[PDB]
Each structure stands twice: as C-alpha cells, then as structure tokens.
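So that the names make sense, note that chain A is the first sequence line, chain B the second, and so on, each numbered from 1.
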Number of protein chains: 2
Amino acid sequence: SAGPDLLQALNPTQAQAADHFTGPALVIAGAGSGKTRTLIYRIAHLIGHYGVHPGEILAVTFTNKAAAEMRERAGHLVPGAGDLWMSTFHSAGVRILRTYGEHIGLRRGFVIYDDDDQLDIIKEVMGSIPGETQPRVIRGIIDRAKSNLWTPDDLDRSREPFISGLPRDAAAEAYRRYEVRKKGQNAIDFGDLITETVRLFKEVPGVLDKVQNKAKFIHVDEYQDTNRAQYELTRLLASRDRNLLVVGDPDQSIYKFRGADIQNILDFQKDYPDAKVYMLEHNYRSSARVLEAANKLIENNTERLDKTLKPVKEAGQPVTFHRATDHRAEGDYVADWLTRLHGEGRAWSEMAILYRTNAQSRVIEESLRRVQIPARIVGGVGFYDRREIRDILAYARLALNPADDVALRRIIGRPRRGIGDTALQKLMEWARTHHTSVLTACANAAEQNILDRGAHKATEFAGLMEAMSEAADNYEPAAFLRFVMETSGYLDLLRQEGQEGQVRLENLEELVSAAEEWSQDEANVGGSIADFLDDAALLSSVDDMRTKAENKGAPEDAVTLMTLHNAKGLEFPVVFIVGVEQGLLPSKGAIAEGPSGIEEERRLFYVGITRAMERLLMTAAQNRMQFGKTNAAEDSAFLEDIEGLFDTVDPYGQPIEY
Amino acid sequence: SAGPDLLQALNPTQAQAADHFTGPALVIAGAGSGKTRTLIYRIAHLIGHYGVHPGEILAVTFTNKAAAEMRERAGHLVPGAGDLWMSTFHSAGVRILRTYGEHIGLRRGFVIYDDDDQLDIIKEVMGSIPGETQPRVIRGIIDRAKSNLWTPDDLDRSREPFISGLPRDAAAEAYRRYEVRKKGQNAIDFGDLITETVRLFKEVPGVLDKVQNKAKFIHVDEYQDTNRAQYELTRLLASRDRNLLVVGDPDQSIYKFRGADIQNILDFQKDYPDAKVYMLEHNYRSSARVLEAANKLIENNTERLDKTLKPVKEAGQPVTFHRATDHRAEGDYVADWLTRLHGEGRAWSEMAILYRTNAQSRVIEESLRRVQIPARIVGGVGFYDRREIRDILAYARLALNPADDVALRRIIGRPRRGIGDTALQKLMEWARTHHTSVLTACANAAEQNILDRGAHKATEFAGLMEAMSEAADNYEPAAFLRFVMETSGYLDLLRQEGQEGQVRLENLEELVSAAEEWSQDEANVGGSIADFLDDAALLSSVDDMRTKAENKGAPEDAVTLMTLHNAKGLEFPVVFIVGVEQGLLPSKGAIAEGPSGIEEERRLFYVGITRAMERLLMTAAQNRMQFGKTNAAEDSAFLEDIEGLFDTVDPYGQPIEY
DNA sequence: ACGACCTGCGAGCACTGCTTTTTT
DNA sequence: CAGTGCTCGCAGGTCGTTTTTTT
Ligand SMILES: Nc1ncnc2c1ncn2[C@@H]1O[C@H](COP(=O)(O)OP(=O)(O)NP(=O)(O)O)[C@@H](O)[C@H]1O
Ligand SMILES: Nc1ncnc2c1ncn2[C@@H]1O[C@H](COP(=O)(O)OP(=O)(O)NP(=O)(O)O)[C@@H](O)[C@H]1O
Ligand SMILES: [Mg+2]
Ligand SMILES: [Mg+2]
Ligand code: NA
Ligand code: NA
C-alpha cells in the first residue's frame, strides 16, 4: 500500500533502520529506545515500500505473545499481516519439524516431551551408570547441553571435570543413554526443537532451501538473549540471501543462567562484516528521573559497550524507596499505595509489581485481595503443568500414539485398576523382547505368555484405550477430551475424593473450555487434536492460553504481578519493584559467583527500573520469611549504586533518610 | 353337622376307634390298615357327633404336608376344618413359644437358628475346651441330647464314657458353653422348639392351662417315631383332661437314628392304664402279593409285637426283582419300564422310585430325562438351604434384629467391603467389653476406640443396615427382599460373575416369587416378614414351599423320586425300590451295629414294600460307583428273607432265576 | 511444606481332604 | 466343597526437600 510514513512515525535514525531492506543489519540501542517499534515499521515498510510479500517475511520474537502483538500493530500499517511468519525459535522448530522431520528419522506423530516425561526417561537410564544423584540434576545438564548445541561426545570434552557435582563422563553417558531411549520412543524434547532443526538444515540442504523461501527477510528481536543453538539456527537460515536484521541490547541480557550468549550480539559485525549498524540513542519510554537512576546503575557494570541513552521526556515524579519492618508491611505498603494512585486517576492496568522470585507473589496477592484490588498473576503455577491436566493429556498422547510408553507409565496408575507395580515391570520386560510396545503387552496379557494375577485388568485397559484411540481417529478435540475424562474413570475419582478434588475437577472443566475457545478460533480452522497439544506444550508465561487459563475469574484491567525476568520487553506507567534486598537482588547464587554474577543481577535490576514510564516505587524489608522461618534482611547493594537518585520514604507520602 | 357316617366309611373296629371320645386311647395296627383314615374320621366325628368345637382339637402329624392333607379331607366331612389346630410338634413349639416365650426369658423377636448358625456358635465355643475334632460332631451330640430331653449336666452322667469319639465331659462342656452363647443372642435351635416349650409348661403352669383349652382333644399320628422330648410334651399337654389318642405302628419305626423311642408306643397303657386299645387287622392298600412279601419279611425281626395283617384285595400282579450289570443299567431298566406301564395306562403320578440314600437320585434323574419322563424330586438339595438364600435371609434376620451376631458374621463379607477379617476380630472384642451389639461396633467405628485403616467401611455397612431395618420396620416381604437383594450389592456380584452366578440369581428370583405367593395366601393375611422366616425355617422335605421351590419348571403329574425314609405315610399304585444291596439296604452302618441295626433297616425295607398298591418292582446292581471309584455289588440279605415271594427277571418281561 | 518410601490390611486365587445313611 | 496359604495391589502415613530466574 506504499507503506506507513516512516519519518512521520520515527526519528531519522529509527527511520533509516526501518528503511534498511537487503543485507545484514544490526540494531543496537538501550532500553526504551524504540527497537521493537522500529521492527514493526520495518516490516510494514518492506511490504508497503519495497513490495516484499508478507509470506516471505520471518520475525522471531522472545514469546508468542510478543509476536501476536507485533503482528497486530503491523496490520494497522499495511494489509497482509495475517500471512507473516512470526513466532519464537521453538515454535518455528515445531512447524519446520512437523513438516520435514521425516527427512531425519522423526516419524510423523512424534511426541514432544515435557520435564516430567524427561524424568521417566532419566530414571530409566541412570541405573547402570557410575552416577544419591537426583534425576533432575541430569535433566539440567542435558537441557543446557542442547542450548549449547553440544552432543554427548562434545560434553565428554567439555571444560569442567565436574558438572553440577557429576564427573564429566558420567554426565555424558547419561545424556547419551537418554538419547537412545528418547528416539526409541519416536520422541523429542524442548531443546531438540532447535538442535534437530539445525541437524535437518545441515543434513538436508534442499530442505533448508525450501524454508529459506518463506524466511527470505529475517528479523530477530531480543538477540542479546540468544544461545548457541539459536545462533546457529539463524545463521543457517540467513546463509543464502543474507537478509538478517537483529535487534537487542546487551545491558538487558538476563538469560545467561540458561544458555544466553551475549557475544552473538557483540560479534554481529564480525560475523557479517558487510552489516549496516543502526544505533538508537533516545529513550522515549521513561521520565528523565527514572532514566538517570537507570544510567548511573548500569555504568557500574564493566566491560560493557558504553552507549548513549538520552531522555526525551521531562524529569517527572521522583523515584522512591521504602523499607518496611516486615514483608507483610511491604504487602500493605504496596496494597495501600495502589489505591492512593488509583484514587488519583491511574487505571489498575497501568500499574505493575515486579519481584525477583515467584515465592514473593503470595504475600502480595493477599494484600491486594484484602483491599480487593483486582490482580493478574503472570507466570504463577502453570495451568498446563498441573497433575490433573497432564494426566488427561497423557491419556490423549497415548490415544494418538498407543506406542507412547512414558504416557502409559504416567496414567496406568490413576485411577488405580490392577496397576502392576509388579505387573507393569513384567509387561515391560515382556515388551522389550517382543518389542517395546507396552500398550500391546496389556492386550496380549491374557492370550500370550501371561502375567498371572490380574491378566484381565490389562486387557480391559487395552480396550479402554482403543476406545479412546477410535475416538481420536476423528470426533473433535473439546469433546474428545470429555471422552477421555469420563471413560478413563478420572472424574468420578475426583468427585469421590472431591474436597481438594473439586478444585481439581474445576480445572478439568477449564481444559474443555480452553480446548473449545481454541477450536472455535480463527487460526485453528480444521485443527487436529495433535495441533492443540503442540500449542499447549509451547506456551510462555506471558501467552494468552496461559494467562487466561490461570487468571480465570479475574477481571482484565487488573494490577499485574510477575518476575523481573517476565517483564522483559514490557512497560508500565507505574512500577513497583519489591524485595530490593541483598540475597534476592542480587541473589545468593549470583553473590557466590563473584563479579560476573553480580553483573547479571544488576542487568536484571536495570530491566526492572526501565520498565517504568511515569513512576517507579521500590521497596525492601528488614525481615522476611523463607519456607517456615523468619530471617533479618539487608538492603540491596544496588541501592548504594543509585544513591542520590531517589527519595527514601515512610508508609505515608513523606521523606526519611536512607 | 351330625358328622360323617362312620359305618358307611369304615370297618367296625375302625369305626369304634373313630367313635372314641373321652380318655386315653391307643390305635395300633400294621401298615396300610387305615390308621390315618380313622384319625380323619374321628376328627369329623368329634365335631359332628359329640359337638366338640374345632378350635378345641389338636392333631399332631409327622409333617406339615401330612397335616394340610388331613385337614382338607376333614373339610369334606364337616364344617369348621379351618379352625382345627394341626401341625408337627416343632411347628406347635414355634406357635406356643412365639405366644408365650417371654414367660421364660425369650424376648419377642428371638431368632431360630439353622445348622450353619449352630456352627458359628460351636467354633466360637470349643476353642478353650479339652475337645482334630469337627464342629459338626459336637453339633450332632447337642441335637441328640435335646431330642433326649437331656441338659448338659445330664449328659455328664450319660451312659458312655465316649460320645462319637469324645470324652463324655468335654462333650457336656461344649453343649454347656454353646447354651450360654446361644441365649446371649436371644436365640434358640430346632430342638429347643420342643425342650423350651416343655420347660415353659413346667415352670409356668398357668401357661400350660391356657394352651390346654385349645388342645383339649389331642391326636398324634406316627407315634412310633416320637422321641423323649415329644413324649414329654404330649404328656404335659394331656395331663389335665387326658383326652389323648395316639396312632402308630412299631414295625414302621424308622427314626431311632435320630432319637425315636419305640417304647413310647409300646408302653402307652402302662402310662395310661385306663386307655382303650383298638387294633386294626386288615390292610386295604396292597395287593395280596406284595402283602405276603411284607409279612414274611417283618416276621424275621424278633421281639416284635406280633400283630395280624390280613389282606382284603386279591393277589394282583406278581412282585419282581431285577439285577442289572450296572447302576447305569438300573437307571435304564427303571427308565425303560416307566414307559411301558405308562403306555399301558398308568399315569406318571401313580408311580414312584424309592432309594436308600439321596446320592442314588442323580443317575435315576438322567435316565428319565434322556427318555424325557417328567420327574419330581423330593428332598434333594433344599432350596432354603442354598448359600444365596441363607445369605439374603441373614440380611433379613439382621434387619429385623440388628443385635444378631451370627447373621452379621455370615454376610459381613458377602459381597466384600473391608471385610475386616482382622477388623471383625477387633470389632468383635470391642463389642464384647462395651456389650454384645456387633452392629453398633460398626457404627461406633469412626467414633470411640477407632477400628482404623477402614473406619468408614464399617460405618457405611451400619448405614446400609439401618436402611434395611427402616425398610423392614414396615413394607412388604416380597419387595423388602428385593430391597435387600438390590442395595446389599448382592445381585450385581452374581451378574458380574454370572456364569454359575446366573444359576444362583435365578434362584434369588424364585425367593421373591415364593415370598410373594406366600403373602397372597389365605393363612398369611396380614403376615409379618418374621412370620415368613418362621415358616421357611420349619419345612419338611415333603412340604409345598419346598417341593414347588425345588421342582420349579417341572410339571405336576410326574414320577416321584425320594428316599425310603420320606415315603413314610405315603402310597402309590406302582413302586420301584432301587439299590436293594448289602451295604445300602442294610447300610454298612447298620451292619456294623449288629442285629439291632439290621432290624431297623428291615423296618425301612418293610416300609418301602408297603408303599405299593398294585405293583412293586425291585432292582439291584452288581457294580456301582460312589464318589470316584467303582466297586462290586452284592444283593441285600433281605432278598433271602423273602425268597419264594417274588419273581426274578430279565430287562424284558419274564424270568431269570437268582 | 512435596513426593518418594514403608507397613499392614484386604482379598483373590489356588492347593487339598471326606463330601455319601437316613432328616422332623 | 471348603478351608486354608501365598502373593499381589493399594491406601494412609512418614520424611526432607523445596526456588533463583524460564524459552
Ligand atoms: N520515535 C518515537 N516516537 C514516539 N514514541 C516512541 C518512539 N520510539 C519509541 N517510542 C515509545 O517508547 C516506548 C518504548 O519503545 P520500544 O519500541 O518498546 O523500545 P525497545 O527499545 O523496543 N524497549 P525495550 O525492548 O524494553 O529495550 C514505547 O511506548 C514506544 O511507543
Ligand atoms: N375301610 C376302608 N375302606 C376303603 N379303603 C380303606 C379303608 N381303610 C383304609 N383304606 C385305604 O387303605 C390305604 C391306607 O390307609 P391309611 O389310612 O393311609 O393306612 P395307615 O394305617 O394310616 N397307612 P400307614 O401309615 O402307611 O401304615 C388308603 O388308600 C386308604 O384309603
Ligand atoms: Mg523492545
Ligand atoms: Mg398312616
Ligand atoms: Na513468511
Ligand atoms: Na385347637
């Protein structure tokens, strides 16, 4: 449509980035400087002005929510936004592998494991190894290796003779045996979503070429929190036409603990020596006051690229800090002030509370509840992570794929029905010699070489299952989930122990209703049940299917509660950062890691601060409760860093020193 | 109504007996001589001629069937038969005790034990005693003692130092402890029906006097097979007005094995020296031929009152014997011959088959079934004795009487439901210290001493029971038995194991239909369900509630199959006596007792023979199978006794001597 | 606080012997 | 046929570890 007018909506530098077009380009700019805004315009300009087809554009965001929100804002500038490919790296790996996984041994209908699934496999494999040792420790090494794009052999030659507390080679062994067992189940994990796609593109160059036709102009936001495997994925993708534009801010890199590699963004002009580089200097988000506090804070980190971050707004309402006697007084001080400011005109949805750890939510929730301030909890106890839901989702996995063993393992027991704690072991070894088909072991229980005591109990389960499978061979997702819930015998259990079980079956109802809202959605026209489970498996804390599911019964236009980490990318007129304490911000872990630990936490704190547009209120306590015990608390060292740049305050409005 | 005409319907001697009136009278006559006929006429004559009120007459028969049949025949002769009191001794014991048992500590709603109930009590009591030994051996000593009218102390002074194989004093102890336990349950047994009534009449002379107004003219049939307890009951009853007429034949005394005392009848005039004695000399039942065989047979017994038994009919068809190679050939020979005679004109219901033991019925049944000759089995597997029935009747006992422990014990685990085997025990001692009520223990399980690990299971049973008790507090027996069968969970068990279970639930349906037919009867107008259980408890082999229930689906006008014992009193134009073998008739038991054993068996055989009116066919085998093995068979010694008086015969018509 | 471990109870399934003398 | 013995399934209890952050 000739595009949106750049120089109308952007400053000249933003506008020249948005006008970039072909070849590698790197956009590097401090917080609140309009990196994401420039991205949105760039996408509309490629289409409007350079006549790029939407179905040739890929934009990779940190969360699907962030991608939905970009897409929409792009539709306001230019037609055809519906056709843009926009998602996380992991969501793209699903889409690529679902389409092309058969070129590298992934049979169609492969299953995507969750963390509980990974432990079934681990416990199963670790027995014979020189590895006491907790299955989850092993799981942590494997995830991290995959983020690093390491094979087991690679891990054998890794730097440290000890990983967590394990011998390097025992760890590699574990990983290696987990790998065989996981492939024997036609299954893959979260990190495989990235590593397998990379393997696909290297092994099958004609496949890379086909995908490059849809990913001809590549955009990647949050490039600072990219890992080696995502790095390598992006390289392969761009390798042909080299239309790669990345955007990020090294001061806001807060995922090293999980694999993020800040050198991806700092080496970009080395890896693409023909890149254009655009640097935004002006923050548009924040009051000049919160900004000065931000800049003086981040100047304490060392080895950082010094970049200009200059204010455009005036120095607004001053920044404040409050130390409460108690975390409970913190509670009340937050809860009280929400009102005052509401009373003065700011809507609930323009205010947020940020905390270092999810444990700190509980007290805050109750403090707003008491005063009935509506609350919206992001990233709390995940709804697709509850036992009830995964149990039903397991029944669903097993129905589509009768050869899925870890699914069986999880629900053969619940409800109880002649579960062979002894018997299952026997069906398990029986299956391996015959071949790993465990569900078939149950059907062949009465007829073949048998397990004596409860042969029939197996058969009945085999028949219960085929009825589900026949009900999945066609017959609708939301109602198929009713089929499973009813006939499995799951509901009548929860009703007969319906005390906390009513709480549990109340959630099972939501599942059907989610499966329903999803079915009746725009993008899911003719969507399979497999498709539903795919989406449910890939949700971020900030995604709709999660926030709605978990805040059901809450109004929108509520106060938002989340971690400092989930705040990445967002912005609010009013921000409360709570628990600014040595031991929390920075965490004890980061303290124990030395300067490089502290520097990560400082970035985290810097993110928190630069979330606020009009007012920032930080608080701390002198005492706080851990799991059952109360200990004295100290201010964060980070407050020392920004002394002189905020006012200390008592429960009421006014001045205190410190 | 002026009565029936005696001299029209009876010979002069019979008529003068039928005309007796006041004071003791003894009628003593051989088989087929019209003792029972005279009794029937005498009853009508007391009413018609002497103006005795029916409600003043008592006639004690050996079975309720025999009493129904007398009553009816009396109704043809005189109005007011409906009001006569006619029954067995044991049935009269129930009526007397139900009315007056509270005068001797029997609280209303006392329960009548069956043989399974007795064993519950036995096993419970014999633990501590110098008694290995089977609970049923003890049970047999107790029953015998009661028939003798012995107390435990009496048994301590009894003749033999060994009873069965027990020391005399351990047996008396057993009996003595059984007694306490049985009374602690407000319960009584079958023999108590006679001994407690006797105790009632001795302890409470005003009660005897009230009953004597209904039993003013007493009649007793089969007086030869009365035991001492019955002997003493009759004496008490007659002690005031002394209008006692007894009828019997010592040649047909066949119950010594159970207590019968032949001296009751032989001493009647020592006991009533002012008695009149009537003796019938003429048999009216039998062909002169079967009669000569009977007489020559009985003449072998010694020390018997030698009385005239002269024929009135002509020497009809000759009596025959057949030896068959097999019991199977016996089967076929009986089966084949039933038809011949059927073909010649005899109806099925004019023919019967008599065997020493109930085991012999199986082969016979099948032989008639093969040739589809309709069969009616008397005294086979008792219908009110099957497990399913006593289970439901136990539920019913418990509903009426929540304090019945034996009932509880039997069904607390039918169906299963936290049948605390260990819990029961813990439930049992709980109740002992607090007090007998075991059902309360189950209700008090959540509360109090806390029978744990399944507390609720007990409570739910206590609740299931109150619902039955509430449903027995009012409502209909036939539909209350539905209530029990449904809600107990009994039916859905038998349906879920409905294989031989369908055979078992088919029977449960008959129960409701019996319960119903009984309700809709003439005498049970406004009948309690307690009343129903009373009647079911007191059936003889020959009684309607039993034969109908056990031959359901069979036509009437069928061939009758029963033991020689159950033939007492009856008559048939055609009689087959099978298995006339040494070891059977006489039994090994009788053989081992010496001449007094042989003499009892000879009486038994004499009864069999004098059942036949027109034709008697006896058979024996050379081989026979017991339970597994097959052994050689030998003719009965009794055939030697009657040689010259029957024809030996081939499977066809005529002679094969031997 | 959370599951991953233990003690003990219920019950189903099999192994094993006189069932058969007669029954109010 | 029943009375008895062996082994298996499942609950109601106990204990130590929880989280640092999460695509
Ligand atoms: N040229 C501009 N004119 C007006 N508002 C702007 C301009 N550039 C950025 N903004 C606003 O500044 C705020 C932050 O922009 P955003 O594009 O979210 O910055 P970012 O660099 O992408 N923020 P962060 O991801 O947290 O480092 C938004 O509310 C934008 O609307
Ligand atoms: N005076 C009679 N006239 C005709 N038939 C008679 C006469 N007396 C007896 N009977 C018949 O003979 C058969 C036997 O009579 P019953 O009154 O049954 O004898 P009982 O002495 O009571 N028999 P039992 O009990 O087996 O020793 C019946 O069929 C009677 O009808
Ligand atoms: Mg941004
Ligand atoms: Mg008679
Ligand atoms: Na595209
Ligand atoms: Na009477």
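- Remark: DNA chain C takes part in the stems C:2-17 with D:1-16, each of 3 or more antiparallel Watson-Crick or G-U pairs, criterion distances under 3.5 Å.
- Distance B:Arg386 CZ to D:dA2 P: 13 Å, rounded to the nearest Å.
- Ion pairing of A:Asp115 with A:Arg390 is present here, as a side-chain N (NZ or NE/NH1/NH2) and a carboxylate O approach within less than 4.0 Å.
- A:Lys256 has its NZ atom 16 Å from the P atom of D:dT20, to the nearest Å.
- Among the heavy atoms of the strands lying under 4.0 Å from B:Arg417 are primed sugar atoms or P, OP1, OP2 only; no base atom is included.
- Across all strands, A:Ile419 comes closer than 4.0 Å only to sugar-phosphate atoms, never to a base (heavy-atom distances).
- Separation of atoms OG1 (B:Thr63) and CG (B:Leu538) is listed at 12.0 Å; rounding is to 0.5 Å.
- If you measure from atom CG of B:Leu493 to atom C1' of C:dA11, you get 13 Å, rounded to the nearest angstrom.
- Rounded to a whole Å, the NZ atom of A:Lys629 is 16 Å from the P atom of D:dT18.
- Classification of B:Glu600 and B:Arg603 as a salt-bridged pair holds, one side-chain N sitting under 4.0 Å from a carboxylate O.
- Rounding to whole angstrom units, CD of residue A:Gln496 and P of D:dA11 are separated by 14 Å.
- Salt bridge present: B:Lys146 and B:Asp192 bring a charged side-chain N and a carboxylate O closer than 4.0 Å.
- Here B:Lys568 pairs with B:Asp225 in a salt bridge; the nearest charged N to carboxylate O distance falls below 4.0 Å.
- Atom-to-atom, CG of A:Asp385 to P of C:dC2 comes out at 15 Å; the value is rounded to the nearest Å.
- The aromatic ring centres of A:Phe257 and A:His565 sit less than 6.0 Å apart.
- Counting non-hydrogen atoms under 4.0 angstrom, B:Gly420 reaches the backbone sugars and phosphates but no base.
- Adjacent nucleotides C:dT20 and C:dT21 miss the stacking criterion of ring centres closer than 5.5 angstrom and planes inclined by less than 30 degrees.
- OP1 or OP2 of C:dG3 lies within a sub-4.0 Å distance of a side-chain N or O belonging to A:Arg387.
- Glycosidic conformation, C:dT20: syn, with the torsion inside 90° of 0.
- Consecutive bases C:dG12 and C:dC13 are counted as stacked, their six-membered rings lying with centres under 5.5 Å apart and planes tilted under 30°.
- For B:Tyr255 and B:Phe62, the ring centers are positioned less than 6.0 Å apart.
- In this structure, the side chain of B:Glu593 does not engage the main chain of B:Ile598 through any donor-acceptor pair within 3.5 Å.
- Both conditions of the stacking definition, centres under 5.5 Å apart and planes under 30° apart, are not jointly satisfied by the base rings of D:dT18 and D:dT19.
- Side-chain contact between B:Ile112 and B:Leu193 is present, with at least one heavy-atom pair separated by less than 4.5 Å.
- A negative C1'-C2'-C3'-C4' torsion places the sugar of C:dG8 in the south, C2'-endo-side range.
- Ion pairing of A:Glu601 with A:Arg356 is present here, as a side-chain N (NZ or NE/NH1/NH2) and a carboxylate O approach within less than 4.0 Å.
- Atom CG in A:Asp120 sits roughly 12 Å away from atom P in C:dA4 (whole-Å rounding).
- Protein atom CZ of A:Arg602 is 22 Å distant from nucleotide atom P of D:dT20, rounded to whole Å.
- Between C:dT19 and D:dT4, the distance separating the two P atoms is 16 Å to the nearest Å.
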**Where protein sits on nucleotides 12-24 of chain C, one letter per nucleotide: B base, S sugar-phosphate only, - none, heavy atoms under 4.0 Å** = BS----BSBBBBB
